[PDB]
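Q: Right, I'll just put the structure down here and ask away after.
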Amino acid sequence: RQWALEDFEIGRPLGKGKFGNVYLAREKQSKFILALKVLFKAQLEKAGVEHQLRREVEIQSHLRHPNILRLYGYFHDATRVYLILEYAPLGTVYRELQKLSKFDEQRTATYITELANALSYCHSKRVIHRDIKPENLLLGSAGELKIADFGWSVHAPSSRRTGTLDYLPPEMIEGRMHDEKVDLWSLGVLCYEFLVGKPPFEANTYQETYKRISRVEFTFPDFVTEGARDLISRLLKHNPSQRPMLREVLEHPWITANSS
Ligand SMILES: Cc1c(C(=O)NS(=O)(=O)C2CC2)cc(-c2ccc(Cl)c(Oc3ccccn3)c2)c2cc[nH]c12
Ligand SMILES: Nc1ncnc2c1ncn2[C@@H]1O[C@H](COP(=O)(O)OP(=O)(O)O)[C@@H](O)[C@H]1O
Ligand SMILES: O=C(O)[C@@H]1CCCC[C@H]1C(=O)O
Ligand SMILES: [Mg+2]
Ligand SMILES: [Mg+2]
């Protein structure tokens, strides 16, 4: 509907982005509360990621799922690009993890189910998210998980190169061809991080994390249950073909026993 910045009242920042900031905003006519993801043209140009910004917009604007953050539209002016997003009022899963330290098995299994459903819908459109991480997982008014930040989203298969490597699978880390299986690896990383409080390949340096991912070198603390170990171990397979389908994740006995 060719919006312009004059149509919105701007509130506090909601979060910092790589190419700008996200602000709380209210559309003047309807009083609709939303989030405005503001990006600087000069920064996007310098990075040469314009084309990828259009992909974020095109991919996310066509997705309709209760566990996927909505993108209502976008517009731009002389210096900025504005993405009109659904406001997630309970913030990030990242912040929830920082304050709780770790999630219990029931909260974890529920989040994994919500993610697996959203990803099943994405993959059915051959959409690869590729940036599944707690800061990109938002919470709706009922505490339901919403996949956000389609910034690095692509259509499968892809041989396209892109923060930390913590959530990236070996094939992406090595600049090789990849498909929807990249999001299955990220799901395994998230399951571990939710239960343990940190991702399994976390390290001080990018170099050390790269080596850990390449080797699939990780251990579980003693408190991690057999069922949780089984699902994570199945997801974190160096070989993308060996990673289970999302149908298998949703039907996993540990998921069905602790969700939702
Ligand atoms: C320098 C510049 C422009 C720019 O000034 N164009 S223009 O004013 O000449 C216009 C007639 C085309 C546009 C964009 C740009 C890129 C992606 C998206 Cl998604 C974008 O939002 C929109 C918004 C509405 C329609 C289309 N896209 C804008 C970028 C990115 C980095 N530098 C840019
Ligand atoms: N719709 C939203 N509602 C609430 N907070 C949001 C929303 N979108 C983004 N944020 C906050 O802003 C941060 C940056 O947004 P994001 O889309 O992930 O940008 P980037 O691509 O730069 O990582 C998020 O991690 C979150 O803290
Ligand atoms: O929305 C963005 O800030 C960016 C658009 C260009 C590709 C990378 C992307 C991101 O970091 O999510
Ligand atoms: Mg983000
Ligand atoms: Mg992003």
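Simple scheme: letters A, B, ... for chains in structure tokens order, numbers from 1 for residues in each chain, numbers from 1 for ligands in the order shown.
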Quick one: residues within 10 Å of residue 146 of chain A, only C-alpha atoms, excluding same-chain residues fewer than 5 positions away - as a PDB file with C-alpha atoms, in the first residue's frame?

A:
ATOM      1  CA  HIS A  65       2.079 -20.082   9.567  1.00  0.00           C
ATOM      2  CA  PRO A  66       1.262 -19.352  13.272  1.00  0.00           C
ATOM      3  CA  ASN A  67       4.923 -20.179  14.201  1.00  0.00           C
ATOM      4  CA  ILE A  68       6.462 -17.850  11.534  1.00  0.00           C
ATOM      5  CA  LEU A  69       6.744 -14.083  12.077  1.00  0.00           C
ATOM      6  CA  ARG A  70       4.655 -12.113   9.551  1.00  0.00           C
ATOM      7  CA  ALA A  88       6.432 -10.369  19.056  1.00  0.00           C
ATOM      8  CA  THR A  92      13.448 -13.427  22.084  1.00  0.00           C
ATOM      9  CA  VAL A  93      14.056 -17.027  23.155  1.00  0.00           C
ATOM     10  CA  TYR A 111       9.756 -25.145  21.354  1.00  0.00           C
ATOM     11  CA  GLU A 114       6.743 -25.393  17.203  1.00  0.00           C
ATOM     12  CA  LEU A 115      10.085 -25.067  15.262  1.00  0.00           C
ATOM     13  CA  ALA A 118       7.290 -23.990  11.099  1.00  0.00           C
ATOM     14  CA  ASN A 136      15.938 -15.031  15.718  1.00  0.00           C
ATOM     15  CA  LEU A 137      13.229 -16.963  17.648  1.00  0.00           C
ATOM     16  CA  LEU A 138      10.554 -14.638  18.997  1.00  0.00           C
ATOM     17  CA  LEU A 139       7.625 -15.101  21.395  1.00  0.00           C
ATOM     18  CA  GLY A 140       3.986 -14.195  20.686  1.00  0.00           C
TER      19      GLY A 140
END

Q: Need to verify the contact set: residue 20 of chain A, 10 Å, only C-alpha atoms, exclusion of same-chain residues closer than 4 positions in sequence. Can you return it as number ranges by chain?

A: A: 15-16, 37-41, 43-44, 80-82

Q: Using only C-alpha atoms, which protein or nucleic acid residues come within 10 Å of residue 209 of chain A? Drop anything in the same chain fewer than 5 positions from it, and give the result as a PDB file with N, CA, C and O atoms, in the first residue's frame.

A:
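File selection_24.pdb, as written:
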ATOM      1  N   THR A 164      28.741 -15.692  14.881  1.00  0.00           N
ATOM      2  CA  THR A 164      29.387 -16.989  15.148  1.00  0.00           C
ATOM      3  C   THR A 164      28.897 -18.100  14.217  1.00  0.00           C
ATOM      4  O   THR A 164      27.816 -17.991  13.622  1.00  0.00           O
ATOM      5  N   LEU A 165      29.684 -19.185  14.121  1.00  0.00           N
ATOM      6  CA  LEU A 165      29.312 -20.352  13.319  1.00  0.00           C
ATOM      7  C   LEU A 165      28.463 -21.327  14.129  1.00  0.00           C
ATOM      8  O   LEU A 165      28.085 -22.364  13.593  1.00  0.00           O
ATOM      9  N   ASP A 166      28.205 -21.032  15.415  1.00  0.00           N
ATOM     10  CA  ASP A 166      27.536 -21.914  16.363  1.00  0.00           C
ATOM     11  C   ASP A 166      26.353 -22.729  15.842  1.00  0.00           C
ATOM     12  O   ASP A 166      26.199 -23.874  16.269  1.00  0.00           O
ATOM     13  N   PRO A 200      26.377 -26.687  21.502  1.00  0.00           N
ATOM     14  CA  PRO A 200      27.386 -27.753  21.672  1.00  0.00           C
ATOM     15  C   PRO A 200      28.779 -27.505  21.121  1.00  0.00           C
ATOM     16  O   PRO A 200      29.707 -28.187  21.552  1.00  0.00           O
ATOM     17  N   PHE A 201      28.931 -26.591  20.151  1.00  0.00           N
ATOM     18  CA  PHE A 201      30.226 -26.323  19.524  1.00  0.00           C
ATOM     19  C   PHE A 201      30.785 -24.968  19.922  1.00  0.00           C
ATOM     20  O   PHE A 201      31.771 -24.513  19.339  1.00  0.00           O
ATOM     21  N   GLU A 202      30.194 -24.351  20.965  1.00  0.00           N
ATOM     22  CA  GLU A 202      30.611 -23.057  21.503  1.00  0.00           C
ATOM     23  C   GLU A 202      32.084 -23.078  21.863  1.00  0.00           C
ATOM     24  O   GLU A 202      32.575 -24.075  22.380  1.00  0.00           O
ATOM     25  N   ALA A 203      32.799 -22.002  21.517  1.00  0.00           N
ATOM     26  CA  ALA A 203      34.229 -21.841  21.759  1.00  0.00           C
ATOM     27  C   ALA A 203      34.605 -20.369  21.709  1.00  0.00           C
ATOM     28  O   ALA A 203      33.777 -19.525  21.355  1.00  0.00           O
ATOM     29  N   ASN A 204      35.837 -20.061  22.124  1.00  0.00           N
ATOM     30  CA  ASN A 204      36.387 -18.707  22.219  1.00  0.00           C
ATOM     31  C   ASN A 204      36.661 -18.109  20.901  1.00  0.00           C
ATOM     32  O   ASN A 204      36.698 -16.891  20.776  1.00  0.00           O
ATOM     33  N   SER A 214      33.180 -29.356  12.212  1.00  0.00           N
ATOM     34  CA  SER A 214      33.784 -30.211  11.194  1.00  0.00           C
ATOM     35  C   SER A 214      33.939 -31.660  11.706  1.00  0.00           C
ATOM     36  O   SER A 214      33.616 -32.616  10.994  1.00  0.00           O
ATOM     37  N   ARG A 215      34.383 -31.802  12.962  1.00  0.00           N
ATOM     38  CA  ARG A 215      34.573 -33.086  13.634  1.00  0.00           C
ATOM     39  C   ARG A 215      33.293 -33.655  14.252  1.00  0.00           C
ATOM     40  O   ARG A 215      33.261 -34.843  14.555  1.00  0.00           O
ATOM     41  N   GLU A 217      32.400 -32.694  17.171  1.00  0.00           N
ATOM     42  CA  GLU A 217      33.019 -32.901  18.468  1.00  0.00           C
ATOM     43  C   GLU A 217      32.261 -32.165  19.567  1.00  0.00           C
ATOM     44  O   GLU A 217      32.394 -30.947  19.724  1.00  0.00           O
TER      45      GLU A 217
END

Q: Find the residues around residue 26 of chain A up to 12 Å (only C-alpha atoms counted), leave out those fewer than 6 positions away in its own chain, and share them as a compact mmCIF listing (two decimals) with N, CA and C atoms, in the first residue's frame.

A:
# COMPACT_ATOMS: atom_id res chain seq x y z
N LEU A 5 7.26 6.63 6.07
CA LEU A 5 7.61 6.81 7.48
C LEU A 5 6.60 7.70 8.27
N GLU A 6 5.99 8.71 7.61
CA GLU A 6 4.96 9.61 8.16
C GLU A 6 3.68 8.85 8.61
N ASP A 7 3.48 7.57 8.17
CA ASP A 7 2.30 6.78 8.56
C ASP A 7 2.46 6.12 9.94
N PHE A 8 3.65 6.19 10.53
CA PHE A 8 3.98 5.51 11.77
C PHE A 8 4.50 6.40 12.88
N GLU A 9 4.09 6.11 14.12
CA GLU A 9 4.64 6.76 15.32
C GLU A 9 5.69 5.77 15.81
N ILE A 10 6.91 6.23 16.05
CA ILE A 10 8.02 5.35 16.44
C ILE A 10 8.22 5.33 17.96
N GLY A 11 8.39 4.12 18.49
CA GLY A 11 8.62 3.86 19.90
C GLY A 11 10.05 3.49 20.19
N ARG A 12 10.26 2.80 21.30
CA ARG A 12 11.59 2.38 21.72
C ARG A 12 12.22 1.32 20.78
N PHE A 32 -2.44 0.12 14.73
CA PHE A 32 -1.84 -1.21 14.70
C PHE A 32 -0.39 -1.18 15.20
N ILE A 33 -0.10 -1.92 16.27
CA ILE A 33 1.26 -1.99 16.81
C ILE A 33 2.00 -3.03 15.99
N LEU A 34 3.21 -2.68 15.62
CA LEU A 34 4.06 -3.53 14.80
C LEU A 34 5.51 -3.23 15.11
N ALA A 35 6.42 -3.93 14.43
CA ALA A 35 7.84 -3.71 14.54
C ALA A 35 8.36 -3.24 13.17
N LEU A 36 9.18 -2.18 13.18
CA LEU A 36 9.78 -1.64 11.97
C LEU A 36 11.26 -1.95 12.01
N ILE A 84 8.05 -3.91 7.57
CA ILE A 84 6.90 -3.85 8.50
C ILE A 84 6.62 -5.27 8.98
N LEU A 85 6.98 -5.55 10.24
CA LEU A 85 6.87 -6.87 10.83
C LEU A 85 5.82 -6.94 11.91
N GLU A 86 5.32 -8.15 12.16
CA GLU A 86 4.44 -8.47 13.27
C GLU A 86 5.30 -8.28 14.55
N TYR A 87 4.75 -7.61 15.56
CA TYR A 87 5.44 -7.38 16.83
C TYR A 87 5.30 -8.65 17.67

Q: Taking into account only C-alpha atoms and all ligand atoms, which residue in the set A:53, A:228, A:190, A:196 is nearest to ligand 5?

A: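 Closest candidate: A:53.
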
Q: Could you report the residues within 7 Å of ligand 3, using only C-alpha atoms and all ligand atoms, as a ChimeraX atom specification?

A: /A:17-20,39,44,49-50,52-53,56,149-152

Q: I need the chosen residues saved as an mmCIF file, in the first residue's frame, with N, CA and C atoms.

A:
data_model
loop_
_atom_site.group_PDB
_atom_site.id
_atom_site.type_symbol
_atom_site.label_atom_id
_atom_site.label_comp_id
_atom_site.auth_asym_id
_atom_site.auth_seq_id
_atom_site.Cartn_x
_atom_site.Cartn_y
_atom_site.Cartn_z
ATOM 1 N N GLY A 17 20.173 -4.627 15.032
ATOM 2 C CA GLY A 17 20.418 -5.469 13.877
ATOM 3 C C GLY A 17 21.821 -5.279 13.350
ATOM 4 N N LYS A 18 22.196 -6.144 12.416
ATOM 5 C CA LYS A 18 23.495 -6.098 11.758
ATOM 6 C C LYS A 18 23.560 -4.876 10.826
ATOM 7 N N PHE A 19 22.416 -4.498 10.201
ATOM 8 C CA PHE A 19 22.332 -3.385 9.244
ATOM 9 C C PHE A 19 21.407 -2.218 9.632
ATOM 10 N N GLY A 20 21.028 -2.154 10.899
ATOM 11 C CA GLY A 20 20.189 -1.095 11.436
ATOM 12 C C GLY A 20 19.602 -1.528 12.753
ATOM 13 N N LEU A 39 16.837 -0.532 7.955
ATOM 14 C CA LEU A 39 18.138 -0.906 7.402
ATOM 15 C C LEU A 39 18.743 0.296 6.673
ATOM 16 N N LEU A 44 24.157 -1.638 3.511
ATOM 17 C CA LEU A 44 23.741 -2.767 2.657
ATOM 18 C C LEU A 44 24.532 -2.794 1.339
ATOM 19 N N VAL A 49 24.850 -6.776 -0.053
ATOM 20 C CA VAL A 49 23.784 -7.706 0.364
ATOM 21 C C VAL A 49 22.393 -7.252 -0.006
ATOM 22 N N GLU A 50 22.315 -6.220 -0.929
ATOM 23 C CA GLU A 50 21.014 -5.747 -1.387
ATOM 24 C C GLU A 50 20.205 -6.961 -1.846
ATOM 25 N N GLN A 52 20.192 -10.017 -1.298
ATOM 26 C CA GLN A 52 19.773 -10.887 -0.147
ATOM 27 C C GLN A 52 18.593 -10.287 0.700
ATOM 28 N N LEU A 53 18.563 -8.946 0.794
ATOM 29 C CA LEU A 53 17.477 -8.199 1.426
ATOM 30 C C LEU A 53 16.174 -8.429 0.664
ATOM 31 N N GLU A 56 14.937 -11.906 1.522
ATOM 32 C CA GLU A 56 14.322 -11.909 2.868
ATOM 33 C C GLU A 56 12.851 -11.483 2.749
ATOM 34 N N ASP A 149 13.615 -13.321 11.264
ATOM 35 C CA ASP A 149 14.876 -13.013 10.610
ATOM 36 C C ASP A 149 15.200 -13.972 9.448
ATOM 37 N N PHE A 150 14.541 -13.725 8.316
ATOM 38 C CA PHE A 150 14.711 -14.474 7.077
ATOM 39 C C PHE A 150 15.812 -13.837 6.230
ATOM 40 N N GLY A 151 16.673 -13.062 6.884
ATOM 41 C CA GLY A 151 17.774 -12.344 6.259
ATOM 42 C C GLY A 151 18.684 -13.183 5.386
ATOM 43 N N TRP A 152 18.958 -14.436 5.794
ATOM 44 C CA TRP A 152 19.839 -15.373 5.079
ATOM 45 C C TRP A 152 19.105 -16.517 4.383
#

Q: So which residues touch residue 103 of chain A within 6 Å, counting only C-alpha atoms, skipping near sequence neighbours fewer than 3 positions away, as a list in words?

A: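 Selected residues are residues 107, 108, 194 and 195 of chain A.
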
Q: Using only C-alpha atoms, which residue out of A:153, A:29, A:61, A:79 lies closest to residue 42 of chain A?

A: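 That would be A:79, the residue with the smallest distance to residue 42 of chain A.
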
Q: Give me every strand (DSSP E or B) residue in segment 118-177 of chain A, going by DSSP on the backbone, as a list in words.

A: residues 127, 128, 137, 138, 139, 145, 146, 147, 154, 155 and 158 of chain A

Q: Residues of the last selection are to be written out with C-alpha atoms, as an mmCIF file, in the first residue's frame.

A:
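After the write, part-v5.cif holds the following:
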data_model
loop_
_atom_site.group_PDB
_atom_site.id
_atom_site.type_symbol
_atom_site.label_atom_id
_atom_site.label_comp_id
_atom_site.auth_asym_id
_atom_site.auth_seq_id
_atom_site.Cartn_x
_atom_site.Cartn_y
_atom_site.Cartn_z
ATOM 1 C CA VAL A 127 12.695 -22.586 1.723
ATOM 2 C CA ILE A 128 15.903 -22.924 3.807
ATOM 3 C CA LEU A 137 13.229 -16.963 17.648
ATOM 4 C CA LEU A 138 10.554 -14.638 18.997
ATOM 5 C CA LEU A 139 7.625 -15.101 21.395
ATOM 6 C CA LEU A 145 7.587 -19.578 19.257
ATOM 7 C CA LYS A 146 7.848 -17.565 16.020
ATOM 8 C CA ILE A 147 10.657 -18.040 13.513
ATOM 9 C CA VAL A 154 17.229 -19.025 0.278
ATOM 10 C CA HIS A 155 15.507 -21.617 -1.931
ATOM 11 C CA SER A 158 21.945 -23.497 -2.720
#

Q: Check segment 27-99 of chain A with DSSP on the backbone and list each residue it calls helix (DSSP H, G or I), as a list in words.

A: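 Reading the DSSP output for segment 27-99 of chain A, helix (DSSP H, G or I) covers residues 41, 42, 43, 44, 45, 46, 47, 50, 51, 52, 53, 54, 55, 56, 57, 58, 59, 60, 61, 93, 94, 95, 96, 97, 98 and 99 of chain A.
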
Q: Since we have the selection now, will you write its residues out, keeping N, CA, C and O atoms, as a CSV table (one decimal), in the first residue's frame?

A:
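For reference, result-v3.csv as written:
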chain,number,residue,atom,x,y,z
A,41,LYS,N,20.8,1.9,3.7
A,41,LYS,CA,21.1,1.7,2.3
A,41,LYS,C,22.6,1.6,2.1
A,41,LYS,O,23.1,0.7,1.5
A,42,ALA,N,23.4,2.6,2.7
A,42,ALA,CA,24.8,2.8,2.6
A,42,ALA,C,25.6,1.5,3.1
A,42,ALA,O,26.5,1.1,2.5
A,43,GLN,N,25.1,1.0,4.2
A,43,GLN,CA,25.7,-0.2,4.9
A,43,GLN,C,25.4,-1.5,4.0
A,43,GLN,O,26.3,-2.3,3.8
A,44,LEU,N,24.2,-1.6,3.5
A,44,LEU,CA,23.7,-2.8,2.7
A,44,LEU,C,24.5,-2.8,1.3
A,44,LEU,O,24.9,-3.9,0.9
A,45,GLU,N,24.7,-1.6,0.7
A,45,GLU,CA,25.5,-1.4,-0.5
A,45,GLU,C,27.0,-1.8,-0.3
A,45,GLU,O,27.5,-2.6,-1.1
A,46,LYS,N,27.6,-1.2,0.8
A,46,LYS,CA,29.0,-1.5,1.1
A,46,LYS,C,29.2,-3.1,1.3
A,46,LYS,O,30.2,-3.6,0.9
A,47,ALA,N,28.2,-3.7,2.0
A,47,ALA,CA,28.3,-5.2,2.2
A,47,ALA,C,27.9,-6.0,0.9
A,47,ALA,O,28.3,-7.1,0.8
A,50,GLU,N,22.3,-6.2,-0.9
A,50,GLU,CA,21.0,-5.7,-1.4
A,50,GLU,C,20.2,-7.0,-1.8
A,50,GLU,O,19.2,-7.2,-1.3
A,51,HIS,N,20.6,-7.6,-3.0
A,51,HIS,CA,19.9,-8.8,-3.5
A,51,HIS,C,19.4,-9.8,-2.4
A,51,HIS,O,18.3,-10.2,-2.5
A,52,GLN,N,20.2,-10.0,-1.3
A,52,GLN,CA,19.8,-10.9,-0.1
A,52,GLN,C,18.6,-10.3,0.7
A,52,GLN,O,17.7,-11.0,1.2
A,53,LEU,N,18.6,-8.9,0.8
A,53,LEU,CA,17.5,-8.2,1.4
A,53,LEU,C,16.2,-8.4,0.7
A,53,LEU,O,15.1,-8.7,1.3
A,54,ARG,N,16.2,-8.4,-0.7
A,54,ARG,CA,15.0,-8.7,-1.5
A,54,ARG,C,14.5,-10.1,-1.3
A,54,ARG,O,13.3,-10.3,-1.4
A,55,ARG,N,15.4,-11.0,-1.2
A,55,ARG,CA,15.1,-12.4,-0.9
A,55,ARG,C,14.4,-12.6,0.5
A,55,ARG,O,13.5,-13.3,0.5
A,56,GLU,N,14.9,-11.9,1.5
A,56,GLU,CA,14.3,-11.9,2.9
A,56,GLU,C,12.9,-11.5,2.7
A,56,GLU,O,12.0,-12.2,3.2
A,57,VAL,N,12.6,-10.3,2.1
A,57,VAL,CA,11.3,-9.8,1.8
A,57,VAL,C,10.4,-10.7,1.0
A,57,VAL,O,9.3,-11.1,1.5
A,58,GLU,N,10.8,-11.2,-0.2
A,58,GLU,CA,10.1,-12.1,-1.1
A,58,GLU,C,9.7,-13.4,-0.4
A,58,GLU,O,8.5,-13.8,-0.4
A,59,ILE,N,10.7,-14.0,0.3
A,59,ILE,CA,10.4,-15.3,1.0
A,59,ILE,C,9.5,-15.1,2.2
A,59,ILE,O,8.5,-15.8,2.3
A,60,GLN,N,9.8,-14.2,3.1
A,60,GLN,CA,9.0,-14.1,4.3
A,60,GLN,C,7.6,-13.5,4.1
A,60,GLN,O,6.7,-14.0,4.8
A,61,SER,N,7.4,-12.6,3.1
A,61,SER,CA,6.1,-12.1,2.8
A,61,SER,C,5.1,-13.1,2.3
A,61,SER,O,3.9,-12.9,2.4
A,93,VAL,N,13.8,-15.8,22.4
A,93,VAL,CA,14.1,-17.0,23.2
A,93,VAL,C,15.5,-16.9,23.8
A,93,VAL,O,15.7,-17.4,24.9
A,94,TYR,N,16.4,-16.1,23.1
A,94,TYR,CA,17.7,-15.7,23.6
A,94,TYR,C,17.6,-15.1,25.0
A,94,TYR,O,18.4,-15.5,25.9
A,95,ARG,N,16.8,-14.1,25.2
A,95,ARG,CA,16.6,-13.4,26.5
A,95,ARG,C,16.0,-14.3,27.5
A,95,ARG,O,16.5,-14.3,28.7
A,96,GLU,N,15.0,-15.1,27.2
A,96,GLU,CA,14.4,-16.1,28.1
A,96,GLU,C,15.5,-17.1,28.6
A,96,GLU,O,15.4,-17.5,29.8
A,97,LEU,N,16.4,-17.5,27.7
A,97,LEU,CA,17.5,-18.5,28.0
A,97,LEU,C,18.5,-17.8,29.0
A,97,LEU,O,18.9,-18.4,29.9
A,98,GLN,N,18.8,-16.5,28.7
A,98,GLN,CA,19.7,-15.8,29.6
A,98,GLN,C,19.2,-15.7,31.0
A,98,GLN,O,20.0,-15.8,31.9
A,99,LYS,N,17.9,-15.5,31.2
A,99,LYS,CA,17.3,-15.3,32.5
A,99,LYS,C,17.0,-16.6,33.2
A,99,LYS,O,17.1,-16.7,34.4

Q: Can you work out the spacing between atom 28 (C, counted along the ligand's line) of ligand 1 and atom CA of residue 4 of chain A in Å, to one decimal?

A: 13.0 Å
